[PDB]
Undergrad: 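My questions will all concern the structure given below.
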Amino acid sequence: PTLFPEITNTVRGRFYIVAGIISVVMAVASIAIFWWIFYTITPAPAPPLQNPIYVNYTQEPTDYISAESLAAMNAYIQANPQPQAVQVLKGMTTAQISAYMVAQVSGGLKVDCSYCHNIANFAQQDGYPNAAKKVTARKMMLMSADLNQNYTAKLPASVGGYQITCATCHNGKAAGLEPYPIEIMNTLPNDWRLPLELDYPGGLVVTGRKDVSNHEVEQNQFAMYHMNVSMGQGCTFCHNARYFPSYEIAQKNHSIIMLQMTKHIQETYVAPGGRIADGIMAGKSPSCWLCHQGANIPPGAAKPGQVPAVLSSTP
Amino acid sequence: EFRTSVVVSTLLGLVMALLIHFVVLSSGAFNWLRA
Amino acid sequence: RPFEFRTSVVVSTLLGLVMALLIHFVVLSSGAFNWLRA
Amino acid sequence: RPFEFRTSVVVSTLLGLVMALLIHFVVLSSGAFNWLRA
Amino acid sequence: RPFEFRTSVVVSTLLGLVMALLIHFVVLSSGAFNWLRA
Amino acid sequence: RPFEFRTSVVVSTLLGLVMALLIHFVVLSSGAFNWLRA
Amino acid sequence: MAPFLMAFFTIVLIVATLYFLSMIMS
Amino acid sequence: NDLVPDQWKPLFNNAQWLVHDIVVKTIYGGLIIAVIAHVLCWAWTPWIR
Amino acid sequence: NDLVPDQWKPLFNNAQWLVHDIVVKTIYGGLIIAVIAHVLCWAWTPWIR
Amino acid sequence: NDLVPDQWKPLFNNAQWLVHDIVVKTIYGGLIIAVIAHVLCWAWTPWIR
Amino acid sequence: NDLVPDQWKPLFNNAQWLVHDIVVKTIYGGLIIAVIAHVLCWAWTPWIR
Ligand code: BCL
Ligand code: BCL
Ligand code: BCL
Ligand code: BCL
Ligand code: BCL
Ligand code: BCL
Ligand code: BCL
Ligand code: HEM
Ligand code: HEM
Ligand SMILES: CC(C)=CCC/C(C)=C/C=C/C(C)=C/C=C/C(C)=C/C=C/C=C(C)/C=C/C=C(C)/C=C/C1=C(C)C(=O)CCC1(C)C
Ligand SMILES: CC(C)=CCC\C(C)=C/C=C\C(C)=C\C=C\C(C)=C\C=C\C=C(C)\C=C\C=C(C)\C=C\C1=C(C)C(=O)CCC1(C)C
């Protein structure tokens, strides 16, 4: 009893039913078993870091700190209770100074205290071969305070209260800090560097200028793709792409503050009247990548209220 | 056609094998090729 | 026949060459062997 | 006849040349041998 | 005749010229010789 | 005849001109000679 | 009870398939 | 279709039957190898856990 | 197709059978070499660990 | 196709056999040279280590 | 093709044989010059080091 005798009686047509059924279940089993395998063997995307001090940077494998150094540190706190000859870091007990120095200062550099002072006497300034590193670190703390009070303060609270600290630029490396690594120079010229020469509230402006051409537009686009890499959110993160001169998105204003801040870093600290002398940071001109590292908020940026008050955006 | 089913099944199997190998190797779950 | 022998030969040889290249490149890039200074 | 001899010759010769170039490049770029100031 | 002699001549001559140019350029760019201020 | 004389003439003349231009440009760009303001 | 129900509905699919394919394959 | 069983004569040519036999035996060998590979990979690292 | 066994006569030409024999022997030699290469690479650095 | 052995007569022309002989001898010479080059490069700098 | 040896008569025309002789002698001269150039460049700066 059938109405499709060419489909249910004849072996060729009768076979077509089984063929279709088997192909449908074969394709479904294909897709289902693939996605099953993929979801069972693939690890869960790593849980987002939750450290009290930092945004997404952790210092806590603190193996880099010798035992002799942590031992002498708590001994020093036990005996010396207020700090002795602090030049920055004015409002902190030697216990808080010590906790900050291990969590943020050496936790940002991932180095022992013997990297910067003699562990017998944390207080002595020029009694050891590594005193130059301590004066460099003190000047860097001054620089951090200056960047926090003079550029992070101008950013609204909607951004957050995140403050620049050691791990913000060092990210676990004491020396050998490389802004502009080869990872972020994918389609840019490898020689290209951020043009901190210009006056930045209007330095890369190109639209309708008529006194520039595609060469300046190309320089502008190199800088803008550098910002794209430094903050992975792409090009509309601070632009309404229908009109780039527009300040619609308000991350373009934060970026103006940040451009002024990195220009200030280069002019005041990288090369104050020449980088060879009287200049910290080893002639390493800054980049947005140096601390943002592919995030809109730098991973090594400290959460609001975690840096000392002297280094804070508001002191 | 039997040739069509053979082509489709063989290509699906090869694509599946490559996909599963790549998913398993990228997962870093099994200790294969220093993972 | 369902398949010309020349077609099967071309397909099998090309698949084998592509797979040899792919596996060599995956193994080289893995850095798991210390071959060619790894 | 499954395969013209001229076709097999062209394919084999081109494959050999491409593979020689590829292997030379890979070995030279590896920096694993001091060939050509490496 | 599997291969016209003119075809083999064209292919061999072009391959030789391309290879001579490629090897010259690789050797000159290597800076390994001090030729033409290298 | 395998090779028309006109064809060989065209090919040889074009190859020679291209090679002369290429070598001149490589030598001039090398800055190794102090010719045309180095 | 979801695994129970998915198994239930797949076996009803299969048994339905055996029944009417048995008729078609008669 | 002389070598084909009369059940499958409407579907299989004479040459298609031999190639089908090769395909079936290859699929069976590959299935045995796949079962062995899965048992070995399970004894090594269970993926279900 | 005389040289071909009558089992494979529906599939293989006379010339295709000789080329298939070459392909089979090449695949077998390559398989032996591949097994040797895998044993050597395992004795050198085991990839499964 | 007289010069061709009767085994390979279905595959090789008379002229294709001579060119094949040249190709085979060239491949063999290149193989010997490649083996020598590999032994020399190994004695110089082993790549497997 | 009277000038061609009967071994290569299936492959070479009468005119193609003379051009082939020119090509062979040119390749040999170029090979001698290339060997001399390589020996000179090695005596100057060894690239293998
Ligand atoms: C390590 C364990 C991993 C995993 C990794 C893999 C990998 C890796 C593979 C599979 C593949 C499969 N897995 Mg799985 N699999 C896992 C968990 C599962 C689970 C389960 C719920 O846990 C299931 C049901 C399956 C199910 C399956 C089937 C879909 C398939 C194996 C049989 C098959 O149909 O193809 C059988 C295969 C054949 C019939 C092909 C035969 C081919 C012949 C042998 C040629 C082989 C190529 C040969 C080298 C070429 C030589 C040619 C020369 C010219 C001579 N996997 C876990 C997570 N799974 C295999 C697959 O093929 O996917 C389609 C495969 O690639
Ligand atoms: C890559 C594909 C190559 C090819 C490679 C081979 C190889 C190799 C062989 C053949 C052989 C055969 N091929 Mg063929 N063959 C090709 C193209 C063709 C075509 C085509 C459409 O034109 C046809 C019709 C054939 C037909 C045939 C028959 C003449 C013959 C017998 C097969 C058989 O009975 O299988 C039945 C047997 C099986 C299906 C076994 C299945 C094996 C599975 C994969 C298990 C393998 C176990 C494995 C070896 C163990 C792994 C252990 C590891 C070492 C750890 N081939 C293509 C070009 N062919 C066989 C031969 O001639 O014998 C001398 C054989 O050795
Ligand atoms: C070092 C160990 C690495 C690894 C690296 C490689 C590399 C590298 C290769 C493979 C390849 C293969 N590996 Mg593996 N392999 C590993 C782990 C595994 C494991 C396992 C679960 O652990 C498995 C099952 C396999 C399985 C395999 C097969 C897919 C294949 C070898 C047999 C094959 O079919 O091709 C057999 C190959 C042939 C039949 C080709 C024969 C070709 C002939 C001999 C010509 C060779 C070219 C010749 C130089 C040209 C000369 C021409 C001149 C004109 C004369 N590998 C580990 C991780 N594997 C090989 C492959 O070919 O992939 C397809 C290969 O390239
Ligand atoms: C790159 C391909 C070249 C070519 C290169 C060769 C070479 C080289 C040879 C032949 C030879 C043969 N070729 Mg041929 N051949 C070509 C094109 C063709 C064509 C074509 C469709 O027109 C045909 C029909 C043939 C047919 C043939 C027969 C006339 C003859 C015998 C083969 C045989 O029996 O294999 C059976 C043998 C095998 C299949 C063995 C398989 C070998 C595997 C790879 C194992 C190798 C082991 C390896 C040497 C050890 C490695 C160790 C390392 C040193 C560490 N050739 C193309 C142009 N041919 C052979 C010859 O004439 O003998 C004088 C041979 O020497
Ligand atoms: C230095 C050692 C490097 C390395 C660098 C290279 C380089 C470099 C090459 C190879 C090439 C090859 N290597 Mg290796 N190789 C290494 C490690 C390996 C290993 C191993 C697991 O360790 C293996 C198995 C191989 C395997 C191989 C084969 C794929 C191949 C050599 C034989 C071949 O088939 O072509 C044999 C080659 C021939 C038959 C061609 C013959 C050509 C004739 C002689 C003409 C030559 C050109 C001539 C100048 C033109 C003159 C014309 C004028 C008109 C007269 N290499 C290490 C890492 N290898 C060679 C290759 O050719 O790749 C295809 C090659 O180019
Ligand atoms: C300085 C040493 C450098 C180097 C630089 C070069 C340079 C440079 C060249 C080569 C070239 C070659 N080198 Mg090398 N070579 C080096 C290391 C090596 C090594 C080795 C493992 O170390 C090897 C094996 C080779 C191998 C080779 C061969 C591929 C080739 C030379 C012979 C050949 O086939 O062409 C032989 C060449 C001929 C037969 C062409 C003959 C042409 C005739 C003579 C016309 C010449 C043009 C003439 C001016 C035109 C006049 C026309 C007027 C109308 C009259 N080189 C080191 C690194 N090598 C040469 C080559 O040609 O590449 C294909 C070349 O260009
Ligand atoms: C300054 C030295 C530079 C250098 C710069 C150049 C320059 C520059 C050139 C060459 C060119 C050549 N050089 Mg060099 N060369 C150097 C080092 C080398 C070395 C060596 C290993 O050191 C070698 C082997 C060579 C080899 C060569 C040959 C490839 C070639 C010269 C002969 C040739 O074939 O063309 C011979 C040329 C002819 C037969 C063409 C004759 C054309 C006639 C005379 C017409 C000329 C144009 C005329 C003005 C038109 C008038 C028409 C009016 C209607 C009347 N050079 C150093 C680095 N070399 C020349 C060349 O032509 O490249 C192909 C050339 O252009
Ligand atoms: C946090 C207050 C802070 C400290 C401390 C600090 C220290 C420090 C040292 C000791 C060096 C020299 C390391 C060496 O071995 O040479 C150093 C160098 C660089 N720093 Fe720094 N630094 C601190 C904070 C910051 C911040 C917030 C930035 C980013 C603007 C920054 C940047 C740099 C750079 C660049 C260098 C040069 C690295 C080089 O390549 O040697 N530091 N800092
Ligand atoms: C996307 C990759 C991208 C593009 C494209 C882009 C374009 C662009 C133009 C054309 C200008 C000049 C416009 C003008 O006339 O005012 C411009 C200037 C700025 N941009 Fe930009 N920009 C792109 C990406 C980004 C990203 C991701 C940021 C923010 C992180 C950003 C920011 C800025 C800022 C600030 C300016 C003003 C600079 C100036 O000197 O006034 N852009 N961009
Ligand atoms: C990351 C890494 C390292 C990856 C690598 C791992 C892998 C996958 C390696 C792959 C290896 C493979 C696949 C090698 C393949 C080599 C081949 C095919 C060589 C061919 C030789 C062919 C040759 C010699 C052909 C010669 C031709 C000749 C002599 C021509 C001759 C001629 C022809 C034909 C004529 O008209 C007339 C006569 C004349 C002599 C002029
Ligand atoms: C990245 C990771 C981890 C991947 C995991 C792995 C996965 C996913 C799949 C793994 C393996 C797969 C899919 C392997 C496939 C292997 C094949 C197809 C080999 C073919 C060999 C074919 C061969 C030897 C063919 C030889 C052909 C020859 C000798 C030709 C001969 C000839 C032909 C045919 C002619 O006319 C005449 C000329 C001549 C006689 C020379």
Side-chain angles (χ1 to χ4, degrees), chain A residues 104-106 108-109 111 115-116 133-134 136-145 147 164-170 173-179 262 265 269-270 280-286 290-291 300 307 311, chain C residues 35-36, chain D residues 1-9 11-13 15-24 26-28 30 32-33 35, chain E residues 2 12 15-16 19, chain I residues 15 18-19 21-30 32-33 37 40-41, chain J residues 4-5 7-8 11-12 16-17 20-21 23-31 33-35 37-38 40-42 44-45 47-48, chain K residues 27-28 30-31:
Chain A
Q104 298 198 25
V105 166
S106 64
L109 295 174
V111 295
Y115 196 78
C116 284
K133 290 182 180 311
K134 193 190 182 187
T136 309
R138 186 178 315 151
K139 292 164 164 176
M140 293 253 154
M141 296 186 318
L142 271 184
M143 179 257 319
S144 296
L147 296 186
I164 292 138
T165 170
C166 287
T168 302
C169 289
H170 287 266
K173 296 181 179 182
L177 276 194
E178 42 171 4
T262 79
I265 293 169
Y269 308 101
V270 174
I280 68 182
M281 298 190 184
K284 295 280 176 194
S285 307
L290 178 57
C291 15
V307 304
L311 270 53
Chain C
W35 149 50
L36 285 180
Chain D
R1 62 180 295 175
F3 284 101
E4 276 203 42
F5 172 70
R6 162 182 48 176
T7 296
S8 64
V9 175
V11 177
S12 51
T13 299
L15 174 55
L17 170 75
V18 168
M19 286 309 310
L21 283 167
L22 182 77
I23 298 167
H24 271 94
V26 166
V27 169
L28 177 63
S30 55
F33 297 87
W35 164 32
Chain E
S12 51
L15 174 55
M19 286 309 310
Chain I
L18 299 154
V19 195
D21 195 308
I22 305 183
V23 172
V24 166
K25 288 187 177 139
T26 290
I27 282 175
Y28 280 159
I32 294 169
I33 298 199
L40 290 172
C41 295
Chain J
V4 196
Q7 190 176 340
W8 306 110
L11 285 161
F12 276 112
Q16 296 173 340
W17 184 251
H20 177 262
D21 195 308
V23 172
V24 166
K25 288 187 177 139
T26 290
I27 282 175
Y28 280 159
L31 280 175
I33 298 199
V35 171
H38 284 82
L40 290 172
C41 295
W42 180 270
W44 165 39
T45 303
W47 54 90
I48 287 177
Chain K
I27 282 175
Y28 280 159
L31 280 176

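Whatever order the structure lists ligands and atoms in, that order sets their numbers, starting from 1. Numbered from 1 within each chain, the chains take letters A, B, ... in sequence-line order.
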Undergrad: Any N/O/S atom, backbone or side chain, of A:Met140 lying under 2.8 Å from atom 21 (Fe) of ligand 8?
TA: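 Under 2.8 Å: A:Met140 contacts atom 21 (Fe) of ligand 8 through an N, O or S atom.
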
Undergrad: Keeping to distances under 2.8 Å, can you name the protein N/O/S atoms close to atom 14 (Mg) of ligand 4?
TA: J:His20 NE2

Undergrad: Does A:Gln104 have a non-hydrogen atom less than 4.0 Å from ligand 8?
TA: no

Undergrad: Would you say A:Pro286 touches ligand 8, if touching means a heavy atom closer than 4.0 Å?
TA: no

Undergrad: Say whether A:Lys133, considering both its backbone and side-chain N or O atoms, lies within less than 3.5 Å of an N or O atom on ligand 8.
TA: yes

Undergrad: Quick one: nearest non-hydrogen protein atom to atom 41 (C) of ligand 5, plus distance?
TA: J:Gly30 CA, 3.8 Å

Undergrad: Touching ligand 8 at all, A:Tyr115? Heavy atoms, strictly under 4.0 Å?
TA: yes

Undergrad: Among all protein heavy atoms, pick out the one at the shortest distance from atom 41 (O) of ligand 8; state its residue, atom name and that distance to 0.1 Å.
TA: A:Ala282 CB, 3.8 Å

Undergrad: Got an N/O contact under 3.5 Å between A:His170 and ligand 8?
TA: yes

Undergrad: For atom 16 (O) of ligand 8, what is the nearest protein heavy atom, given as residue, atom name and distance?
TA: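 The protein heavy atom lying closest is A:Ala175 CB, 3.8 Å.
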
Undergrad: Using heavy atoms and a 4.0 Å limit, tell me yes or no: is K:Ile27 in contact with ligand 5?
TA: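 Under 4.0 Å: yes for K:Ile27.
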
Undergrad: Which heavy atom of the protein is the closest neighbour of atom 44 (C) of ligand 4, given with residue, atom name and distance?
TA: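 Result for atom 44 (C) of ligand 4: I:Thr26 O, 4.3 Å.
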
Undergrad: Looking only at protein heavy atoms, which one is nearest to atom 36 (C) of ligand 8, and what is the separation?
TA: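 Going atom by atom, the protein heavy atom closest to atom 36 (C) of ligand 8 ends up being A:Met281 CA, 3.7 Å.
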
Undergrad: What protein heavy atom sits nearest atom 27 (C) of ligand 8, and how far off is it?
TA: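 Answer for atom 27 (C) of ligand 8: A:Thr165 O, 3.2 Å.
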
Undergrad: Hey, is atom 1 (C) of ligand 4 under 4.0 Å from any protein heavy atom?
TA: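 Answer yes: something from the protein, a heavy atom, is under 4.0 Å.
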
Undergrad: Heavy atom under 4.0 Å from ligand 4: found in J:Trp8's side chain, backbone, both, or neither?
TA: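 Side chain only; the backbone of J:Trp8 stays clear of ligand 4.
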
Undergrad: If you have a sec, work out which protein heavy atom is nearest atom 38 (C) of ligand 8 and how many Å separate them, to one decimal?
TA: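 Of the protein heavy atoms, A:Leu177 CB, 3.7 Å lies nearest.
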
Undergrad: Just checking J:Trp47 against C:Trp35, ring centres under 6.0 Å apart?
TA: no

Undergrad: For ligand 5, is there an N or O atom under 3.5 Å from any N or O atom of C:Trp35?
TA: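 In fact, backbone or side chain, C:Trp35 has no N or O that close.
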
Undergrad: Starting from atom 52 (C) of ligand 4, what is the nearest protein heavy atom, named by residue and atom, and what distance separates them?
TA: I:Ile33 CD1, 4.6 Å

Undergrad: For atom 56 (N) of ligand 5, what is the closest protein heavy atom, and at what distance to 0.1 Å?
TA: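 Its nearest protein heavy-atom neighbour is J:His38 NE2, 3.5 Å.
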
Undergrad: Note the single closest protein heavy atom to atom 66 (O) of ligand 4, along with its residue, its atom name and the distance in Å.
TA: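 Atom 66 (O) of ligand 4 sits closest to the protein heavy atom J:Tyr28 OH, 2.1 Å.
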
Undergrad: Measure J:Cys41 to ligand 5 on non-hydrogen atoms and call it side chain, backbone, both or neither using the 4.0 Å cut-off.
TA: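 Side chain only; the backbone of J:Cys41 stays clear of ligand 5.
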
Undergrad: Who's the nearest protein heavy-atom neighbour of atom 30 (C) of ligand 8, and how far?
TA: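 Going by distance alone, atom 30 (C) of ligand 8 is nearest to A:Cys169 SG, 2.7 Å.
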
Undergrad: So is A:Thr168 in contact with ligand 8, going by heavy-atom distances below 4.0 Å?
TA: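 No, that is not the case, since the closest heavy atom of the residue is not under 4.0 Å from the ligand.
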
Undergrad: Tell me which protein heavy atom sits closest to atom 5 (C) of ligand 8, plus the residue, atom name and distance to 0.1 Å.
TA: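 In this structure, atom 5 (C) of ligand 8 has A:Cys166 SG, 3.3 Å as its nearest protein heavy atom.
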
Undergrad: Please say whether A:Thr136 places an N or O atom under 3.5 Å from an N or O atom belonging to ligand 8.
TA: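 No - when backbone and side-chain N and O of A:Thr136 are compared with those of ligand 8, no distance drops under 3.5 Å.
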
